[PDB]
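# Observations on the three-dimensional arrangement
Read off the chains here:
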Amino acid sequence: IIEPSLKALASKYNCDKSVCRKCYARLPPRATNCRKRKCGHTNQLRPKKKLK
Amino acid sequence: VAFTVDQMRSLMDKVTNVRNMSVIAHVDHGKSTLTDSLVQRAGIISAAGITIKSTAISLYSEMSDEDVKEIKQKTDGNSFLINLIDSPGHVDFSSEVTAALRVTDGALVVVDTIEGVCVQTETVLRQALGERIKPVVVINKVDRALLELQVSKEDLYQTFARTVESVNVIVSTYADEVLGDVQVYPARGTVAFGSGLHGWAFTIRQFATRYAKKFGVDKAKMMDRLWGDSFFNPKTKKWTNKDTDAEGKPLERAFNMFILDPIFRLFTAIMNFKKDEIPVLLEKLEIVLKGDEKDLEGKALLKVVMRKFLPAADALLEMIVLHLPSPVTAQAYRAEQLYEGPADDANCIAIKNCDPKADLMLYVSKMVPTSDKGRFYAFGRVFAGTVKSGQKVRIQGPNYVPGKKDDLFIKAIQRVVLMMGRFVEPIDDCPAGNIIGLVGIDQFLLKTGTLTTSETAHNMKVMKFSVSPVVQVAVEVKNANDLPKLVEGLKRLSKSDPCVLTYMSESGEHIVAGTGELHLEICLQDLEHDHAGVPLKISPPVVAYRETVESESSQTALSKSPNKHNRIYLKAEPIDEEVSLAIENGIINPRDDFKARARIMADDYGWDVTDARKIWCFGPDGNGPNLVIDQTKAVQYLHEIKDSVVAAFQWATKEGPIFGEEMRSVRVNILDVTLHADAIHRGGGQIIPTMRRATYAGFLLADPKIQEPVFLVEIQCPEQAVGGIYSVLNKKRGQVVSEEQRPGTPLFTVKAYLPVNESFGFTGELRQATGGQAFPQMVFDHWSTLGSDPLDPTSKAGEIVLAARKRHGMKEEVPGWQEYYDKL
Amino acid sequence: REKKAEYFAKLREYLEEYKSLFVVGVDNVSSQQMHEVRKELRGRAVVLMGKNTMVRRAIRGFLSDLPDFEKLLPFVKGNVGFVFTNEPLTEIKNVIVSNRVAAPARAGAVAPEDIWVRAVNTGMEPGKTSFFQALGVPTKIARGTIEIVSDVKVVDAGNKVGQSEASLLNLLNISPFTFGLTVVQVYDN
Amino acid sequence: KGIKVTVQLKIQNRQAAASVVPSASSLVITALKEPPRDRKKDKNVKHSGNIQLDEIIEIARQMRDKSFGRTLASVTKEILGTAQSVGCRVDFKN
RNA sequence: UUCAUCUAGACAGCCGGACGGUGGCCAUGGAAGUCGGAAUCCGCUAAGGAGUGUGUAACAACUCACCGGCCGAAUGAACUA
Ligand SMILES: CO[C@H]1[C@@H](O)[C@H](O)[C@H](OC[C@@]23C[C@@H]4[C@H](C)CC[C@H]4[C@@]4(C=O)C[C@@H]2C[C@H](C(C)C)[C@@]34C(=O)O)O[C@@H]1C
Ligand SMILES: Nc1nc2c(ncn2[C@@H]2O[C@H](COP(=O)(O)OP(=O)(O)O)[C@@H](O)[C@H]2O)c(=O)[nH]1
Ligand SMILES: [Mg+2]
């Protein structure tokens, strides 16, 4: 009820990224840094849990 | 509309003028409130919040003669009887669904507009497919697709196109080929629509005939010109077989135009308060307002506007007589599976012809209980013949076979009654195909049961369910002075639910096996407030473990008397599953002739004929897979010792040294025993605790291990949901035996051995992992040995006996062969 | 540049023994169809796809083996390579201008023309009807086999191919995002 | 006959049954390797082969899906040997 | 501080192939490149790893390595305080 091609468009700005492994945050699946200071610009990520 | 008790009996005799069916529904799509509108609308009365139980509700069908003039069946008249049973919803209650299917010929399909044909729809849809029963689609909640959503006309057309085409799949895959054209398409007017909470419903065929006049085109070509590649032309006034014209401009198919367009203009006008369309479109579509119906507004006003256009009974009871099959031509291909016995047989042929005066056949699927302080009724369809108030009916049980007794109770009926949704009436008879209720058969039959009158007639089908009572929970009392109420309440829950199963545990608890948590929990609070009515203590179900050995004893066992005189030297080893099986199954008996008994165990089980013609016993209780093989020769008084040695052995094999439980695969080969000279030092209070301490050392030296019970669960589910299930085995040791299926059906029956310890919530996580799509079929298969050490309070086997000895109030430590050993 | 240096030497050796060659351009190829077209001429015509090793071949068209490299050299654009042979031109032209064959819908690929499809049966069992389900097209049960009720124009002229629709398109054998292995330029002696 | 890696393609023309034999890499090490490496090793892993085989394996690549597209004898001196731990033939391939 | 790509033509960008034996030795309830260990080969060109992840019940399928198109000089990997 959302169309397979229109669903890739929804993930393109809601979950198709990577989560910070310290304070967690949305950053591209190719990006390799953090935009925060609580870590001091770290490199801890993971391709945001592909939920099924 | 009220009808006297006799008007019903006259209505009952006309099989061509009586439709018997059920309701194929999902959890919540609108089937209970849809059928509720047919009663307060056109329902037969007696002479003058979840689905827990069902009954066959009755109504009157008063049609037009030219209406029954297009029904392909033998029929003479328009005085029909609506004998519909309100089939239970959700899941875990797919028990009463197999029972409502048995006491009917067709079924009312209740799907949704947006939640289309979900899991429970195709579950009860694939249920009707294997029952040779005919399906009839009715998409309810079409108004929610235009109120909370507000869908367009051509968009809502492909919405029902999807719900329909998805049913053309479930059915054209699991159906019978002798039935042929049984798939419901609104192309013949076999799929209904409407709204149950507002009291209305309609069909394409209703307005096809209703507008056949306004176009001159008969209802058959009118509705075949509404659906398909049929588009009208409001420019030239031609119904063209294309979506565009010569200009290449957009057309709205005949359906959305003449049918739907009218209804939408009603919504926004009535609902949003536009009296510039109320009386206007009222007369444009041939409708009228009257009294306080004119005084209502919006939501409540559009309800009465449908009661003025397409009330309930309209499209509902219409497709019931026109396309639904009555016993006449229905049981004319149903007799086969419906009755388990010879087809070219006397009573079998009588049902295919349907003789209401000949061979009396009446299988009661579920015996319907009451507020009559514990007594019930026997709800069953009368296949052939007429049941009277005090007739000699043969109460045949599900075990009975033509040629013996085995549950055969031919008794006379106390009184006969009629079922009306929740109302019983003191009646007299009921014919071939129609269903009624008879009191008094209960105090003779057990839950399900076939009832004949002929000796050569076998038994009628007793379900097959394909739902299985996989779940199991321990049940007891919270006060021992009322334990008697506990067992009696349990006995009535058996004759209460058709798919429910009550049996005693190997430990000493009361096991309750259900289809699921919901099913079980409902029958637990019903057994809490009704059946029993006393406080229960329910905890997880405790398992029984047979203490098995995995090799021969590291040294020879030694143990004598506490008085000190005669000693015992046995060497306990493990009996292979195949030979230990020939004991408990029956190929080598403990009372068999030792001569030819030894001949079979040597050439087919690979043994020494010496120790074989010398078996002392099988155990425990004289027939288990634990033997006492004679191997000594220096024993002059052989005839004064064998007896009491096997005596403490029957107490040793019945009571184990690890945690007070039996053993399995323990072949005790006795090498030597120090005999005496008199029976004063070889008797009663002598040989008992002697062989007792002797077997303790033998088992604790041949490799101690805990053996547990294993299942054979075949979960039937399509190949598309299999992903989640395969990982539930990679979760709680689901070792696959095989995986078989048919060339044209996705539904996969998967064989996997399942551990009792890894089944304390198996059913819940299984439908959660792959939707309700996963149907578990649990049935115990074999006993598989663990692999860990039971004296290790940290290994698999040891963890079990740690918590097990703490519960009995026994010793916290696990005593070895050192503690029970007699040495110099 | 180990292999860059040894290939320069390679192309020159073949370019001397033969007098007939073709500037075979592509980009719309397939690992399968490509290597299997070389099988077609494993002794009549062998392919040798070049690159910036061909800008070095501008400095090789500067080598003066036979400087007619003027009417050949600048035809270095698109996935183009070599085609060595010593038989007549129209005979080998028919062979290579027949040597190019179809490739499937890469679900999200370059959609070029509008596709129509007759309202008949495909003779397959109704299991792929769940895909025609979340799209919206009536499907009849004829002998049970999945039947298309419309001569439907599903894909429009030039759009982004959706993953879902191009999958059931592979079920109809639809393949237009391709060509094969043809030619850009010819030249003899 | 076959147990593991046995792909037998079925082409049916309305009942007329005809199954073609793609004779994979496991199929060649059975049609060439007699009773010892053909059957009797169900409960035990098959890892024994070294002895000279010759030209017969070139026609064994003919039964094996011929999708290589160049030379027969040439591609078999690769398939049977390095991927096949049962049959080494001429000690030069590894 | 190194390492060794590079106008002979790279790196960022994006275009299109991403093969075969082969559902490879087995191992298999099921593993076709993508649970596991062990072999890590040549047929052939521009390339295709017994194969880089996601995902399948296994496949399929997509995507990377590798390779051709065009851009056309840096500018990247690895470490130092
Ligand atoms: C067809 O319905 C069947 C199947 O669901 C399955 O065979 C189920 O098994 C019950 C148990 C059967 C085991 C064997 C027959 C030997 C050991 C028995 C058990 C005791 O530990 C293990 C399972 C679970 C029960 C423990 C909790 C007491 C058993 C029992 O009834 O005692 O029984 C019902 C009636
Ligand atoms: N949107 C919508 N809601 C309905 C309709 N019919 C009934 N309901 C709602 O559903 C509630 C109970 O539904 P229920 O009878 O459990 O559905 P069933 O289990 O499929 O029979 C009622 O109280 C209504 O408010 C309908 O046609 N459309
Ligand atoms: Mg309900």
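Residues numbered from 1 in each chain as written, not as in the entry; some residues may be left out. Chains lettered and ligands numbered in written order. Part of a larger assembly, values for the part shown. Heavy atoms only, no water.

Looking at the entry header, you'll see cryo-EM listed as the method and 4.2 Å as the resolution.

Chain C carries the name uL10 (yeast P0) in the PDB entry, which gives Saccharomyces cerevisiae as its organism. Here the PDB entry's recorded title is "Saccharomyces cerevisiae 80S ribosome bound with elongation factor eEF2-GDP-sordarin and Taura Syndrome Virus IRES, Structure III (mid-rotated 40S subunit)". Listed under Subcellular location in UniProt, the entry text for chain C is "Cytoplasm". If you open the UniProt record of chain C and go to Sequence similarities, you find "Belongs to the universal ribosomal protein uL10 family." (UniProt positions renumbered as here; feature names shortened; annotations may be inferred.)

Chain A has the name eL40 (yeast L40) in the PDB entry, where Saccharomyces cerevisiae is given as its organism.

Time to look at the packing of aromatic side chains. As enumerated under the stated definition, the model contains 23 aromatic pairs over all chains in all. Both rings, one in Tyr157 of chain B and one in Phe255 of chain B, keep their centres 6.5 Å apart while their planes meet at 65 degrees; by these two values the pair is edge-to-face. Here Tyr157 of chain B is found in helix 5 (residues 153-174), whereas its partner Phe255 of chain B is found in helix 9 (residues 254-271), with 98 residues between them in sequence. Both residues of the pair, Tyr157 of chain B and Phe255 of chain B, belong to the buried class. A network of ring pairs unites the aromatic residues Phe160, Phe193, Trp200, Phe202, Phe207, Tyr211, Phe215, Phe232, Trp239, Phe258 and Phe309 of chain B as a single cluster. The cationic tip of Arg667 of chain B hangs over the ring face of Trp607 of chain B; the distance from NZ or CZ to the ring centre is 3.7 Å. The ring of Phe179 of chain C carries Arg100 of chain C above its face, with NZ or CZ at 5.2 Å from the centroid. (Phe/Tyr/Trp six-rings, centres within 6.5 Å; stacked < 30°, edge-to-face > 60°. Helix = DSSP H or I, 4+ residues; strand = E, 2+ residues; numbered from the N terminus. Buried < 20%, exposed > 50% of the residue type's maximum accessible area, 1.4 Å probe, protein only. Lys NZ or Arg CZ within 6 Å of the ring centre and 35° of its normal.)

With that out of the way, let us pick up the site of ligand 1. Residue and element names in this part refer to chain B. Taken together, the neighbourhood of ligand 1 is formed by 14 residues, with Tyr503, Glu506, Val543, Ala544 and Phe780 sitting nearest. At 3.4 Å, a backbone N or O of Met778 approaches an oxygen atom of ligand 1. Taken by itself ligand 1 offers 700 Å² of open surface, and the protein chains cover 78% of this. Those elements giving two or more residues to the shell around ligand 1 turn out to be strand 21 (501-504), strand 30 (704-717) and strand 33 (780-785). Among the domains, domain 4 (464-546) and domain 6 (705-824) are the pair contributing at least three residues each to the shell around ligand 1. (Near = heavy atom within 4 Å. Polar contact = N/O pair within 3.5 Å; in protein donor to acceptor, adjacent residues only side chain to side chain. Areas by Shrake-Rupley, 256 points an atom, 1.4 Å probe, with all protein chains shown as cover. Domains from an automatic or database assignment.)

In this section: helix 16 (residues 483-494) of chain B. Residue and element names in this part refer to chain B. Buried residues of helix 16: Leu486, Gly489, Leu490, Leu493 and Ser494, and no others. Seen from one end, helix 16 has its buried residues packed into an arc of 150 degrees, which puts them on one side. Exposed and facing more than 90 degrees away from the buried side of helix 16 are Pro484 and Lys491. Its buried side turned inward, helix 16 meets strand 20 (473-477), strand 21, strand 22 (510-513), helix 17 (517-531) and strand 23 (536-539). (Arc of directions from axis to C-beta. Contact = heavy atoms within 4.5 Å.)

Residues and elements named next belong to chain B. What surrounds ligand 2 is a group of 14 residues, the closest being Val27, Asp28, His29, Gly30 and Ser32. Burial of ligand 2 by the protein amounts to 71% of the accessible area it has alone, namely 610 Å². Of the residues that constitute the shell around ligand 2, the class distribution is two nonpolar, seven polar and five charged. (Nonpolar A, V, L, I, M, F, W, Y, C, P; charged D, E, K, R; others polar.)

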